[PDB]
Amino acid sequence: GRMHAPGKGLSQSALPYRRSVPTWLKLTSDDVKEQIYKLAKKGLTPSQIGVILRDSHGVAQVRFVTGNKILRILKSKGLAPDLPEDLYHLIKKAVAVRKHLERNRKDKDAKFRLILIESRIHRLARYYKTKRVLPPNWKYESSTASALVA
Amino acid sequence: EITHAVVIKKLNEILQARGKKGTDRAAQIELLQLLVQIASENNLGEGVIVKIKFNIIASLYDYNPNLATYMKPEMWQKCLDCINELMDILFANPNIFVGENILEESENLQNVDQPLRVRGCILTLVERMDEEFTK
Amino acid sequence: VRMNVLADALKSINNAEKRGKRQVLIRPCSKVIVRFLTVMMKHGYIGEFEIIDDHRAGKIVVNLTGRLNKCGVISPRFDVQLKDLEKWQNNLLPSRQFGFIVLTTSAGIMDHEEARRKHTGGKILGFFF
Amino acid sequence: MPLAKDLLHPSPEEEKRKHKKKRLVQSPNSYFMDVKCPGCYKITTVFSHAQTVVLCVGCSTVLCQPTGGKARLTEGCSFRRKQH
RNA sequence: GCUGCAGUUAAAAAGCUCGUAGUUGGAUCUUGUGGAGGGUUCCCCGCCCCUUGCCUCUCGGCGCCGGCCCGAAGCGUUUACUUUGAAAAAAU
RNA sequence: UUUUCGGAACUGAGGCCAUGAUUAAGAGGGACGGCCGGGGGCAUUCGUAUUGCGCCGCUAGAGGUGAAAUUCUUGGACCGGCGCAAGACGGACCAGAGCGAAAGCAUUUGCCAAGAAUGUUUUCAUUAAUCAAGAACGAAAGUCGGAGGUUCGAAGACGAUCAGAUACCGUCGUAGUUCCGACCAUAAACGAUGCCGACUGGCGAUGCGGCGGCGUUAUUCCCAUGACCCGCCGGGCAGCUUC
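Here the numbering of residues is sequential along each chain, from 1 in written sequence order, and it may depart from the entry's numbering. Residues without coordinates do not appear. Think of it this way: whatever chain is written first is A, whatever ligand is written first is 1, and the rest follow in order. What appears here is a fragment of a larger assembly, so each number quoted concerns just the fragment shown. Water and hydrogen atoms play no part in the side-chain values, which are based on all heavy atoms of the structure.

Trainee: How should the side chain of B:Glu132 be read in this particular structure?
Mentor: Under the DSSP-based scheme used, a helix requires at least four consecutive residues in state H or I and a strand at least two consecutive residues in state E, with every element numbered from the N terminus. Mapped onto the secondary structure, B:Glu132 falls in helix α5 (residues 123–134). If we ignore the near neighbours within four places in the chain, the residues touching B:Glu132 are B:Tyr70, B:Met71, B:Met75 and B:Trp76. Two residues qualify as a contact provided that any one of their heavy atoms is within 4.5 Å of a heavy atom in the partner residue.

Trainee: For this particular structure, what's the right way to read the domain arrangement of chain A?
Mentor: Often, the extent of an interface is quoted as the loss of accessible area upon association of its parts. For the domains described, the bounds stem from an automatic or database domain assignment. One can read the domain layout of chain A as domain 1 (26–80) and domain 2 (81–150). The gap between the C-alpha centroids of domain 1 of chain A and domain 2 of chain A is 28 Å.

Trainee: Teacher, can you tell me more about the protein's contact with RNA strand F here?
Mentor: Close contacts around RNA strand F come from 83 residues, with A:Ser47, A:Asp107, A:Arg123, D:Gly68 and D:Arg72 the closest. Throughout, the term near means that a residue has one or more heavy atoms lying within 4 Å of the molecule or strand in question. Backbone atoms, meaning sugar plus phosphate, form 77% of the atoms of RNA strand F positioned within 4 Å of the protein. Each polar contact in these results corresponds to two N or O atoms within 3.5 Å; when the atoms are within protein, one needs to be able to donate a hydrogen and the other to accept it, and residues that are neighboring in sequence are counted only if both atoms are side-chain atoms. Residue A:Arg2 places a side-chain N or O atom 3.2 Å away from a phosphate oxygen belonging to RNA strand F. With nine residues, helix α5 (residues 108–128) of chain A is the single largest residue contributor to the surface near RNA strand F.

Trainee: It is not clear to me how a positive patch on the surface should be interpreted in this structure. Could you clarify?
Mentor: Here a patch means residues that are over 30% exposed by relative accessible area and free of salt bridges, tied together within 9 Å if like-charged and within 5 Å if nonpolar (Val, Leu, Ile, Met, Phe, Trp, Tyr). Surface exposure here means Shrake-Rupley accessible area, sampled with a 1.4 Å probe, where a residue is shielded only by the protein chains that are shown. Salt bridges, as used here, are contacts in which a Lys or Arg side-chain nitrogen is within 4 Å of a carboxyl oxygen on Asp or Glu. Charge counting treats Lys and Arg as positive and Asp and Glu as negative, with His and both chain ends excluded. Just so you know, the charge point we use is NZ for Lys, CZ for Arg, CG for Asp and CD for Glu. Residues A:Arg19, A:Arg63, A:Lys69, A:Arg72 and C:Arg56 make up a contiguous surface patch of positive charge. Mapped onto the secondary structure, A:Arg19 falls in the segment before α1 (29–41).

Trainee: Please clarify how the packing of helix α1 (residues 5–19) of chain C against helix α2 (residues 31–42) of chain C should be interpreted in this entry.
Mentor: Pairs of packed helices are described in terms of their axes, by the angle between the two and the distance that separates them. Residue and element names in this part refer to chain C. The axes are straight lines fitted to the C-alpha atoms, using for helices just the contacting stretch, and the angles between their N-to-C directions are given from 0 to 180°. Axis separation between α1 and α2 bottoms out at 10 Å; the angle between their running directions is 45 degrees. On the basis of their axis angle, the class for α1 and α2 is oblique. Where α1 crosses over α2, the handedness of that crossing is right-handed. Residue-level contacts link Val-5, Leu-6, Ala-9, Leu-10 and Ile-13 of α1 to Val-32, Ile-33, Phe-36 and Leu-37 of α2. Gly falls in the polar group here, along with every residue not listed as nonpolar (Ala, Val, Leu, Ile, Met, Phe, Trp, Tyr, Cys, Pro) or charged (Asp, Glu, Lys, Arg). Tallied by class, residues from the contact of α1 with α2 come to nine nonpolar, no polar and no charged. Throughout, the term roughly parallel applies to angles under 35 degrees, roughly antiparallel to angles over 145, roughly perpendicular to angles from 65 to 115, and oblique to all others. Crossing handedness is read from the near helix: turned anticlockwise from the far helix by less than a right angle, it gives a left-handed crossing, and turned clockwise, a right-handed one.

Trainee: What is the right way to read the state of the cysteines from this model?
Mentor: Put plainly, two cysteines are in a disulfide when a covalent bond ties their sulfur atoms together. Residue and element names in this part refer to chain D. Disulfide assignment relies on a single distance test, namely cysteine sulfur atoms paired within 2.5 Å. Inspection of the entire model under this criterion finds zero disulfides over all chains. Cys-64 takes part in no disulfide bond, and the closest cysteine sulfur, belonging to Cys-56, lies 9.6 Å away. Each residue is assigned to one of three classes by its accessible area relative to the maximum for its type, calculated with a 1.4 Å probe on protein chains only: buried under 20%, partly exposed between the two thresholds, exposed over 50%. Among the residues examined, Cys-64 registers a relative accessible area of 4% and is labelled buried.

Trainee: Sorry, what's going on with the environment of B:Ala26 here?
Mentor: Residues and elements named next belong to chain B. Mapped onto the elements, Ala-26 comes out in the loop between α1 (6–14) and α2 (29–33). Overall, the relative accessible area of 23% leaves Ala-26 in the partly exposed class. Considered as a pair, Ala-26 and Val-126 are 100 residues apart in the sequence and their alpha carbons are 21 Å apart.

Trainee: How do you make sense of the interface of chain D and chain C when you look at a structure like this?
Mentor: Facing the ten residues of chain D at the interface are ten residues of chain C. Defined in terms of a 1.4 Å probe, buried area is the accessible area two parts forfeit on being brought together, summed over both. Here chain D and chain C share an interface that buries about 920 Å² over both sides, 55% of which is from carbon and sulfur atoms. Summed over the shared surface of chain D and chain C, the result is zero salt bridges. Our count for the chain D to chain C interface comes out at four residue pairs in polar contact. A class-by-class count of the residues in the side of chain D that touches chain C yields six nonpolar, one polar and three charged.

Trainee: What exactly am I supposed to notice about the UniProt feature "zinc finger region: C4-type" in chain D here?
Mentor: UniProt positions are given in the numbering used here, feature names are shortened, and annotations may be inferred rather than shown by experiment. Per the UniProt record, "zinc finger region: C4-type" is found at residues 37–59 of chain D. Secondary structure across residues 37–59 of chain D divides into 0% helix and 13% strand, with the first and last C-alpha atoms of the span separated by 12 Å.

Trainee: Sorry if this is basic, but what is going on with the nonpolar core here?
Mentor: If you look at soluble globular proteins, the nonpolar side chains tend to sit buried side by side. Residue and element names in this part refer to chain C. In terms of nonpolar packing, the biggest core is built from 24 residues, with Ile-26, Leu-37 and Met-40 touching the most fellow members. Considering each element in turn, this core owes the most residues, five residues, to α1. Apart from the residues within four sequence positions on either side, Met-40 is in contact with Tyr-45, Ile-46, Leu-68, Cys-71 and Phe-128. Only buried residues count toward a nonpolar core. Its members are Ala, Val, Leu, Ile, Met, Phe, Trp, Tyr and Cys residues joined through side-chain atoms within 4.5 Å.

Trainee: I would appreciate a short explanation of the packing of aromatic side chains in the present structure.
Mentor: The description of two aromatic rings rests on the distance between their centres and on the angle between their planes. Residues and elements named next belong to chain C. Any pair of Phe, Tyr and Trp rings, taking the six-membered ring for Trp, is counted once the centres come within 6.5 Å. Such a pair is stacked with planes under 30 degrees apart, edge-to-face with planes over 60 apart, and tilted for the rest. According to the stated counting rule, one finds nine aromatic pairs over all chains in the structure shown. Residues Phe-78 and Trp-88 carry aromatic rings whose centres are separated by 5.7 Å and whose planes lie at 25 degrees to one another, so their mutual orientation is stacked. Highlighted residues: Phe-78 in the loop between β3 (71–73) and β4 (79–80) and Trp-88 in helix α3 (residues 85–92), separated in sequence by ten residues. With relative accessibility at 37%, the residue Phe-78 sits in the partly exposed group. On the basis of relative accessibility, which here comes to 22%, the residue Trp-88 falls in the partly exposed class. Aromatic rings pair up to connect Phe-36, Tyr-45, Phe-100 and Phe-128 into one cluster.

Put into structure tokens, the structure is as follows:
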């Protein structure tokens, strides 16, 4: 199951077989696009974007009112970020850990957990960088972690 | 205390947890009051406190655990004082004070949607308040 | 993980038949499992079977009888060259007279008895009897 | 198990009370709802597990509340599914 | 002990976790009809869109009545696998 | 001499393509929401006992063992009362209960970062499994340098028991036990049971999340969310039952 904990668990989303509209709805493909573009200005990232549509607007999902994903729509403009938010959130966490570690050198538990989250960055990086989604010279270090999260 | 950016962002971050199970639900009003009585400068405005003033008489709403009830008359009079003050700020002045640019000073809220039904967010309040009196 | 799908499949229908059942549920439905069970149905060891459809990979449900004794998998997949054949089938079958080693060839998936008449070797998959 | 039970055609909720990814076809256990209370006279549509505060444009400015699952509504009826 | 071993107590799972090499890895991209060989549908030509994918042609044969048709020439993105040939000293 | 023909190379604007994206694994990663736990770090608070000290009261024995003795004692012990100081330690409550990778982890309150499970019609689209090299943590004892030293206590000195008694038992007592900074890498570090995945009986419980319900119960008088009752769905520590 879990990749750095021993646990096992199910909580996965389950989609219906259907996939019409379904009937009840509005905002033709085009309407949904301009509704999205406004949100990305405000710093709402693709995961947040689909949530804020699904909770309060008439969409089931933005993959059955468009022929594309949420991210590809943003990418066609050129307004997509230069690294995926997934990678960003890993790096975002580990800097605060390193701050706490400098403030407290006797928190061996934090030091331990850092080894996991550190190694999990490098594995993820080796997906993107082989697929030509990152430069083949980019590496993860303390210095590059500081600058890239800011 | 320093150019209406820290200020504005803390506005953001106070008008965020607005809903959830952890509200305190009355010391958000209090803390909106602690960006005004410690708001003692100048031009900038008298000016743009109006809108905060909305939001904050909106604190003077939302405290209330739901729509069926009726509003401790002290709460009622505090509401009034707010609204009344937010006639003051909005005769004297006329610039319209969640939009119509001037020279600048000192915004930005063209950039969200329209100056104007957030301008038209004073009629809303007052109708609401009619209704609360009715309750 | 679920490295090999077919290998996890057969153990269910093997276990189920022993206890005394006649309906099962096997997932996640590979095309390879379909053509296997087709050959196994012709000879008469199982009955007609229903493929449920999902977008994920499907699920299959089978109706079976006590005629089956055991179907096993042989993994990893070795080659046969129609002289290696006799050595394989001796070890894996209860008798010369019956039992059916299955394999895949460029002429499709079939029993060993058919492959010998087409002069086709290939990769062995499992067996049954 | 009685060790002979059918699995082709299940009972309407005595064999569809199971976990949603242990059913024959995967179904959600969630639904939408068409609302329109008074605090905000508009026909709003909202998902059952809100996950976030749904805002109002009327006198009110809150409609929901995200808890650990479904979402606690408020003093406004407005209910439907519809169909799904 | 590959075929074909064992590790709770008989000899025996690193104190525990991370981790490169190595090994291993989900699902998904085509079926019916006349003739021929074998049954009563099913396994060399073709047909629905495809059928040994194409052309382009030009030089040296086959045709039919200048004009026209079809074999050989580039090949189907690459391999493993399998099947057929070639080539394998004698003695044993 | 000049075009022409052929080959080759490079540039613009326009037609024609159904003009080009398989699904989202009862695989994994990531976001989001409400919770949960003696998980970890830092700061802070509290209790009683033990020992020592001062003061007050009464008088002869007190310690200890199977039985004794060493030892303690009219400058008075033990005992009773009152106050103060030092160091150590978190009882009963505390359970085939919980959390942690393992080693391990119980007084108050706050701060600092971390994590599991569950919920989700959110996101990514195979990003995985196990592992030579290499890396982090790793009880107690021990070593080095500082602080501290109540209590217990290897060593050691005594008293008994024994033919003998370097022991079991009693008194005293150093190192150590405690804290801070470096080392040391070992244990019956035991479920003596590798890790990941699939399939195959029944039954009653317990901890956590979610969902469904004839009702009692809290308050503000009334579906905020609390307690008790019944059932259902996940994953977790365990038990009972059998050809």
